[PDB]
Q: 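Please see the structure below; I have some questions.
Side-chain atoms are counted along with the backbone in the values below, which use heavy atoms only and exclude waters and symmetry mates. Nothing fancy with the numbering, it's 1 onward along the sequence.
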Amino acid sequence: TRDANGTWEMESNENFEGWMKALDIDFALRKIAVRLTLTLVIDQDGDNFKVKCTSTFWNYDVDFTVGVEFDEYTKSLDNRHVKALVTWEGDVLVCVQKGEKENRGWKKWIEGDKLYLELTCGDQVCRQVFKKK
Ligand SMILES: *C/C=C(C)/C=C/C=C(C)/C=C/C1=C(C)CCCC1(C)C
């Protein structure tokens with residue numbers, strides 16, 4: 001449950017629009033993003049991660065080392081500077097992005113061939129479920 005390697009295909013996506021709105025993403029682009037198929041590609045070696053979420057139009061890419069703070073510029077999302085930090089809380093992978101938005105980050109629970117992802121921003125939570133291909 002601590003191995004997130006793989007290609008992960010979306011099966012569930014709840015409150016995607018509320019989470020994007022909390023990040024101030026443009027209403028027009030939110031309209032397009034809600035239609036796109038999302039694929040999550042994770043390369044994990046020890047504490048080193050490369051995470052890629054891909055669609056037709058926009059990709060989101062981030063590389064990090066567990067336990068090492070990094071400057072993140074969310075250039076393909078809301079275009080903000082955050083201080084990001086990914087850690088293990090038991091078997092949960094937790095990211096906190098310190099910056100303008102409060103309660104901003106994400107959490108991953110890996111349960112066999114299922115991956116549960118919760119994206120948070122302010123009072124909004126987006127809940128996604130993926131299956132390993
Ligand atoms: C562990 C996995 C994480 C943190 C994945 C996060 C995914 C995103 C921030 C993706 C956001 C996207 C949008 C802004 C809309 C269009 C395409 C996406 C899925 C890349």
Side-chain angles (χ1 to χ4, degrees):
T1 40
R2 254 201 211 161
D3 185 2
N5 275 289
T7 305
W8 300 87
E9 291 176 330
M10 174 169 287
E11 311 306 0
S12 192
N13 190 6
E14 311 186 40
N15 195 30
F16 195 45
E17 271 206 310
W19 166 81
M20 281 188 296
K21 183 192 270 202
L23 288 164
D24 308 311
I25 306 300
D26 183 338
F27 174 89
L29 291 173
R30 309 204 311 256
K31 184 172 241 173
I32 296 315
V34 296
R35 304 181 221 151
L36 301 179
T37 306
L38 304 308
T39 295
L40 186 57
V41 182
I42 298 166
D43 183 358
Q44 170 187 352
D45 177 29
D47 303 298
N48 293 334
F49 281 75
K50 305 170 226 144
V51 176
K52 234 212 181 153
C53 176
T54 64
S55 76
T56 279
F57 290 109
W58 304 287
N59 283 13
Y60 183 82
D61 303 338
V62 71
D63 303 317
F64 57 84
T65 298
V66 170
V68 176
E69 191 181 63
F70 56 110
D71 288 286
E72 181 165 25
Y73 299 92
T74 55
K75 301 307 288 177
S76 66
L77 195 51
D78 60 315
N79 190 36
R80 288 189 171 94
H81 181 194
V82 297
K83 293 290 197 167
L85 172 70
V86 184
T87 52
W88 289 109
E89 295 187 5
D91 288 326
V92 187
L93 195 65
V94 179
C95 173
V96 179
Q97 293 160 313
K98 291 181 169 345
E100 171 55 18
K101 298 286 179 173
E102 201 170 73
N103 204 217
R104 185 189 182 144
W106 51 255
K107 296 182 184 175
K108 291 185 211 282
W109 298 255
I110 301 91
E111 311 266 30
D113 43 38
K114 296 309 181 208
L115 188 158
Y116 301 84
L117 173 66
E118 285 184 17
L119 306 142
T120 64
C121 175
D123 63 356
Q124 295 296 305
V125 184
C126 164
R127 297 191 159 87
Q128 299 182 348
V129 182
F130 301 80
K131 174 172 91 273
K132 191 175 172 175
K133 200 179 186 194

Q: Output yes when a side-chain donor or acceptor of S55 lies under 3.5 Å from a complementary backbone atom of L38, and no otherwise.
A: no
Q: CG/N79 to OH/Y73 distance, rounded to the nearest 0.5 angstrom?
A: 10.5 Å
Q: Main chain of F16, side chain of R30: is a donor-acceptor contact present, judged purely on distance under 3.5 Å?
A: no
Q: Do the side chains of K83 and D71 get nearer than 4.5 Å, heavy atoms only?
A: yes
Q: Would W8 and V94 show up in the same hydrophobic cluster when neighbours are defined by side-chain heavy atoms closer than 4.5 Å?
A: no
Q: Using a 3.5 Å distance criterion without hydrogens, assess whether the side chain of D78 forms a donor-acceptor pair with backbone atoms of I25.
A: no
Q: If you count every heavy atom of other residues, nucleotides or ligands that lies below 6.0 Å from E111 atom CD, does the total exceed 12?
A: yes
Q: Could you pull out the closest heavy-atom pair between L85 and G67, with the gap in Å?
A: CD1-C, 3.8 Å
Q: Does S76 reach the main-chain N or O of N59 with its side chain, forming a donor-acceptor pair under 3.5 Å?
A: yes
Q: Between atom CG of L23 and atom CD of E100, what is the distance when rounded to the nearest 0.5 Å?
A: 11.5 Å
Q: To the nearest 0.5 Å, what is the distance between OG (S12) and CG (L117)?
A: 11.0 Å
Q: Is any side-chain heavy atom of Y116 less than 4.5 Å from a side-chain heavy atom of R127?
A: no
Q: Work out which heavy atom in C95 is nearest to a heavy atom in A84; give both atom names and the distance.
A: SG-CB, 4.5 Å
Q: Indicate yes or no: at least one non-hydrogen side-chain atom of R104 is less than 4.5 angstrom from one of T74.
A: yes
Q: Identify the heavy atoms of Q97 and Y60 that sit nearest to each other, and give their distance.
A: NE2-OH, 3.8 Å
Q: Tell me whether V92 shares a hydrophobic cluster with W106, the cluster being built from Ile, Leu, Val, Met, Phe, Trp, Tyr side chains joined at under 4.5 Å.
A: no
Q: Looking at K31 and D26, would you say the former's side chain and the latter's main chain have a donor-acceptor pair under 3.5 Å?
A: no
Q: Would you kindly confirm whether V66 and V51 end up in one hydrophobic cluster when ILVMFWY residues are joined by side chain heavy atoms under 4.5 Å apart?
A: yes
Q: Using side-chain heavy atoms (C-beta onward) and a distance below 4.5 Å, is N5 in contact with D43?
A: yes
Q: Does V41 reach the side chain of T39, with side-chain heavy atoms less than 4.5 Å apart?
A: yes
Q: Say you draw a straight line from CD of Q128 to CG of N15; how long is it, rounded to the nearest 0.5 Å?
A: 10.5 Å
Q: Any side-chain donor paired with an acceptor under 3.5 Å for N48 and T65?
A: yes
Q: More than 12 foreign heavy atoms under 6.0 Å from CZ of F70: is that the case here?
A: yes
Q: Could you please spell out the steps behind the side-chain contact (heavy atoms from CB on, under 4.5 Å) verdict for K50 and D61?
A: CA-CA 8 Å; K50 305 170 226 144; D61 303 338; over 6 Å; no
Q: Is there a continuous path of hydrophobic side-chain contacts, each under 4.5 Å between heavy atoms, that joins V68 to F49?
A: no
Q: Supply the atom-to-atom distance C126 SG to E17 CD, rounded to the nearest 0.5 angstrom.
A: 11.0 Å
Q: Search all heavy atoms of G18 against all heavy atoms of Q124 and return the closest pair with its distance.
A: O-CG, 3.5 Å
Q: If only atom types and distance count, is the side chain of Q44 paired as donor or acceptor with the main-chain N or O of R2 below 3.5 Å?
A: yes
Q: Are the side chains of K114 and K131 in touch, meaning some heavy atoms are under 4.5 Å apart?
A: yes
Q: With distance as the sole test, does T1 use its side chain to make a donor-acceptor pair with the main-chain N or O of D91 at under 3.5 Å?
A: no
Q: State yes or no: do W109 and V129 share one hydrophobic cluster built from I, L, V, M, F, W and Y residues joined by side-chain heavy-atom distances below 4.5 Å, directly or via other members?
A: yes
Q: When rounded to the nearest 0.5 angstrom, what distance separates CG in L115 from NZ in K108?
A: 5.5 Å
Q: Are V62 and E72 packed together at the side-chain level, in the sense that at least one heavy-atom pair is separated by less than 4.5 angstrom?
A: yes
Q: Using every non-hydrogen atom in the two residues, find where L40 and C53 come nearest and quote the distance to one decimal.
A: CD1-CB, 4.1 Å
Q: With a 4.5 Å cut-off on side-chain heavy atoms, are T120 and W19 touching?
A: no
Q: Crowded around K101 NZ? As in, over 12 foreign heavy atoms under 6.0 Å?
A: yes
Q: Which heavy-atom pair separates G6 from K132 by the least distance, and what is that distance?
A: CA-CE, 4.2 Å
